[PDB]
Ligand SMILES: *[NH2+]CCCC[C@H](N)C(=O)O
Ligand SMILES: N[C@@H](CCCC[NH3+])C(=O)O
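Protein chains in written order, with my numbering: chain W, 149 to 828; chain X, 3 to 683.
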């Protein structure tokens, strides 16, 4: 039988010229690739943006392999053609509003979208045909041969695709005109390259209904026709994400770790590690330091370039020897392990659980944030939101169950030093989704927690397809269908539909969360602040014999905020590798320093100047790519901002006395970055 | 035959207790009246507001007189009963959007609402029954007898009134629940008192938009039926109008609505045959005016504006720099120079822009520059000729007197006038006293009423509104939402005199301030203005060691600001209605407590609306504003008007040092006061 890799492709949006793109990373944490005129990868990316400051699309190369794992191309003996059919769709406008973990069936049927009352997006549209038309679906496109190109355009929808849909005409805010979901190409030997959207994000309100973006996902079909006209067919999936603004920095739990974990616990991917008959990991499984543990430590060690998480420093200091498996070092390994949060169970209404605990202790001397130190998958809504009393809460991050099992085996001394055998997972499969966020997912960046649900897969790393080209040709896509509920596979648009519509809202808010740590069932509460003030006046320096009566009055103010983080609260990151927050300035020449208004080497806010959600929707592409300036020298990283469109931004230095009224404060100033709409 | 006075009553909104009211002024520029328990007027008003800072309603007393001009009351010998029926309504939500002079048929049929394509308010409602239901109409109420009271309430609509309408349920913004248009009472002798609304303004859309908004302004018909001992009866009619508060009742408008009715009367109903020839349509140049009756009030009114606006260029028109009562030849050149500084009236012809009311100054030659008179906005200083998809939108930039006032001023100038008492005009004092306290000009749209009042077709005679149909017709049909009384010419319905005004009226009040008026292009009031600033930044570094140099750096940046409709320069700062919506007024608190709360010393001129920083705040907090009043009223001829009764406690205050704005701490020797409303109080 044939196989296509990667099993889940990953492309990234870009607004540069349609013909100006990079190719996929070839490993987790790898840079994307420049290419030659044959569309073969050459060197790692030189610049992420074009000269005009537009972000280049990143495309995914897919390859097809025969029974003995040899690659099939148009040059293979006995191959006369290879035809790729890709069907991408965006179902976001047709899906439910995002309400954290509501709708996630891993918590049981009582957490279904219907049982939780989650409203549909664009809720005034209630007939099925009206819901279907909210989907962006241009039908499938096909590509085959040497150096082919075809757009997934509203202008070349096949005649056989009876139900296309898209936001038509001139949109009233953001991007005006939707045109394309991306481009399919082949290289010089017939391999597929899928390129995604252009960063379109527009709608007809200011508010939020009737909005769209050009994120998409869907099916990949490959038909290889042999010289005698027989054929074989094999499938994969494809996902488009917004730009990876720090591609060398890897998420502690990636989506590859997610697929792997789902695989181990549900598809017998690693029989030695987990006993599928009983539903437990095997305590005799021996982990491997370099394969299983080291990546966690390395990933933790790079968050400092995009966030302030210094409390994690002890987990990569090598204050003791992480490679020493002896009894003498066991107390040390166990102490390291015991600082990681165990996983919550997935039971509705159970709040007092390890992911609601912030610190090791609150006794002075014994205070450390537990690990990894980041938000969990619901630090936003309390138990009592949305007219529920048992809304699922998950305040703080944990590793996935498989990572954590393997870490425990390390802690126990059940691990080796030296080479391990690879798991039965292709490296091409890990290289795509290993660059996507795995946790937390609220909703996340590329994908959300449907990817944790084994019912969407036909085997580890492989998305199950619902139906086929001939079905969708006649019927179109099914707007209300939940692949997690039906269990019979995914439709185009299913992997990305749950994310924010438009994505730049995920991006604007993927920063930090201020998370309560005193009441397990509470994230936010109403806060009433009453300030009662008595003003008393007296007059003096009066002549002898003169007096004037004092005067006094009382005033009060009452401020009510319906939903604010309950104190005491902890400053917690969301997705530092995918949405940086605290970064170093990198302009080393006078011109870049004048334009950026900053010296090099200073830590500042990554998004400075993008002061509103509407600005992010329009100017996302102006932001920097965080990159290792010392990449040639392994082990001595120096990550700074590169390629920020500094000219977009204006700048004012406000003296502190401007705010306070005290001119002595003007010895200190506050830098303010912003975007003036009136600039040319 | 009976007659009812006033012909057109005027009441004013108030949010104090329903039982806490003052009665109508008795003369033009008169204070309203306190009253006794019989509801008879006593002495002029003490406080305009109650102790809680809520404005007291002003009610209108109506009286009915017999064929001898003798007043009839329940105490009159041959009188068995007097029964009053008042039908007030608010048609504002069912009328057209206000678009300055569009719809005004005095400019010809080509200026009709339909020819001009003016849209309806709440334009999504198009069936006649749905338009009708936008009207606030609770039917008529009747009152008779000694000390009666009946509310114009949603809870006492007569069963015979088949189509009442009003905004039901809870409104989403501003006032939540509509309940009443006002109160009818009788006094101890059976006279009518009409009190109007309570200041309700609410709607279902956000004004920060403005569809499905309502206020409790109203107007409508008054019917009096007098029944005699023998059970015979006679009937007579009047009209009634409710306006927002008069915040400076002692200060009179240069042209009042009494002047409007008078002018309309002279020109169209033969009210004064010796002044105007109705067969040829011209004034009579041999009419001899009277200084005290005709001229002096203009001069006096001009002289009061200084208490509420900065109009110092008008000072020469009341200085007595020469003798205004000298009608001799030797003084004619002076009287003529005075008259010639007044704007003549524009002709109401579409497309004719180069006319006297587009002219600001006597000239722009140094030494010969004076703003023409009266110096104020006209009835369209807002929209240009090319607005609203039109090419010949009617413009009228600057104020003129009315045609009658100006005729009489010219008779003065020519020396055709008397000193001494005059013949009164055949107009009751009781008719001038009501509407003489309303704005007559300009009307864009105005305050109480707008330019329909200038149209003779709504009148059956001078000062008398013509009634369309009758009580039975409205019992069955309700009111006619689309009907223009000015187009049909067969009379007014309840709601017709106020429906054109802003909905809610607090928009008219928020904007009745000043206008920056272009005076270079007669067809233009506003234009788009594009300001492009192109900036080259250049850097050089110096004081470097010997042999060291670094290159200069430079770059270029630009901003392009586009405002779509702003006054076209050069422009002139022009008032709207200083008497009715004050702008520059004197602070009035003479004791320490009032000064601490106000944050100001007494005697300082400051902005009247300070702290009301948005339209939405005006809609909520109109009633906090001051009444401008003569603190020296006991001493005739020595006025001293200041704010009184401002609800200072509503407002917060910040003193901003100028260096907070500029970045230069040396500028901190100077500060700017900023008043505002913190909703979290
Ligand atoms: N995946 C990130 C969502 C951010 C949530 C936001 N700060 C909130 O409190 O609503
Ligand atoms: N200032 C307003 C009009 C004033 C309305 C007064 N009667 C404008 O430019 O629209």
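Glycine is no exception: its CB is placed at the ideal position from the N, C-alpha and C atoms.
Ligand 1 heavy atom lying under 8 angstroms from the CB of residue i
i, result
"residue 661(W)", "yes"
"residue 725(W)", "no"
"residue 520(W)", "no"
"residue 588(W)", "yes"
For residue j and residue i, believed in contact at Cβ under 8 angstroms, the rounded distance
i, j, result
"residue 108(X)", "residue 114(X)", "With 8 angstroms as the limit, residue 108(X) and residue 114(X) do not qualify as a contact, their Cβ atoms being about 11 angstroms apart."
"residue 201(X)", "residue 218(X)", "7 angstroms"
"residue 721(W)", "residue 457(W)", "7 angstroms"
"residue 814(W)", "residue 804(W)", "6 angstroms"
"residue 222(W)", "residue 230(W)", "6 angstroms"
"residue 177(W)", "residue 380(W)", "Their Cβ separation, rounded to whole angstroms, is 34 angstroms, which puts residue 177(W) and residue 380(W) out of contact at 8 angstroms."
"residue 707(W)", "residue 649(X)", "Not confirmed; about 22 angstroms, so no contact."
Check: residue i C-beta below 8 angstroms from any heavy atom of ligand 2
i, result
"residue 306(W)", "no"
"residue 513(X)", "yes"
"residue 510(X)", "yes"
"residue 447(X)", "yes"
"residue 578(X)", "yes"
Per-residue burial, residue i [other beta carbons within 10 Å of its own, 16 or more giving buried]
i, result
"residue 143(X)", "buried"
"residue 583(W)", "buried"
"residue 534(X)", "exposed"
"residue 151(W)", "buried"
"residue 197(W)", "buried"
"residue 548(X)", "exposed"
"residue 687(W)", "exposed"
"residue 503(W)", "buried"
"residue 355(W)", "exposed"
"residue 171(X)", "exposed"
"residue 672(W)", "buried"
"residue 163(W)", "buried"
"residue 304(W)", "exposed"
"residue 869(W)", "Here chain W comprises residues numbered 149 to 828, so residue 869(W) is not present and cannot be evaluated."
"residue 606(X)", "exposed"
Residue i: CB within 8 angstroms of a non-hydrogen atom of ligand 4
i, result
"residue 384(X)", "Among the ligands present in this structure, namely ligand 1 and ligand 2, ligand 4 is not found."
Neighbouring residues, chain A, relative to residue i (Cβ below 9 angstroms)
i, result
"residue 541(X)", "Protein chains W and X are contained in the structure displayed, whereas chain A is not."
Review point. Fully enclosed by the segment 706 to 765 of chain W, which alpha helix (DSSP H) runs are 4 residues long or longer?
Key: The segment 706 to 765 of chain W contains, as complete alpha helix (DSSP H) runs of 4+ residues, the segments 738 to 744 (chain order).
Point to revise | Against chain W: residues of the segment 652 to 679 of chain X by CB proximity under 7 angstroms | key: Using a CB distance below 7 angstroms, the part of the segment 652 to 679 of chain X facing chain W consists of 659, 661, 662, 665, 667, 670, ordered along the chain.
Practice item. Enumerate, from N- to C-terminal direction, the unbroken alpha helix (DSSP H) stretches of 4 or more residues contained entirely within the segment 210 to 291 of chain X. Key: Within the segment 210 to 291 of chain X, the complete alpha helix (DSSP H) runs of at least 4 residues are 259 to 270.
Review point. For the segment 554 to 588 of chain X, which residues have a beta carbon sitting closer than 8 angstroms to at least one beta carbon of chain W?
Key: Answer in chain order: 555, 557, 559, 560, 561, 562, 563.
**Study point:** Ordered list of beta strand (DSSP E) runs contained in the segment 235 to 316 of chain W, each at least 3 residues
**Key:** The qualifying runs are 289 to 292, 297 to 301.
Exercise for review: Scan the segment 601 to 663 of chain W and note each continuous beta strand (DSSP E) run of 3 residues or more that stays entirely inside, going in chain order.
Suggested key: The qualifying runs are 605 to 607.
Point to revise | Residues from the segment 474 to 486 of chain W in contact with chain X, defined by Cβ distance under 8 angstroms | key: For the segment 474 to 486 of chain W, the set of residues with a beta-carbon nearer than 8 angstroms to any beta-carbon of chain X is empty.
Review point. Taking the runs of the beta strand (DSSP E) that are 3 residues or longer, which of them lie wholly in the segment 544 to 612 of chain W?
Key: Entirely contained in the segment 544 to 612 of chain W, the beta strand (DSSP E) runs reaching 3 residues are, in chain order, 605 to 607.
Review point. The segment 236 to 255 of chain W: which residues have C-beta closer than 8 angstroms to a C-beta of chain X, in chain order?
Key: Listed in sequence order: no entries.
Check your understanding: Whole beta strand (DSSP E) runs in the segment 369 to 393 of chain X with 3 or more residues, listed along the chain?
Key -> Counting only runs of 3 or more residues that sit fully inside the segment 369 to 393 of chain X, the beta strand (DSSP E) segments are 379 to 382, in chain order.
Check your understanding: Counting only runs that start and end within the segment 150 to 237 of chain W, where is the beta strand (DSSP E) found for 3 or more residues in a row?
Key -> Qualifying beta strand (DSSP E) stretches, in chain order: 151 to 153, 156 to 160, 169 to 171, 181 to 183, 189 to 192, 205 to 213.
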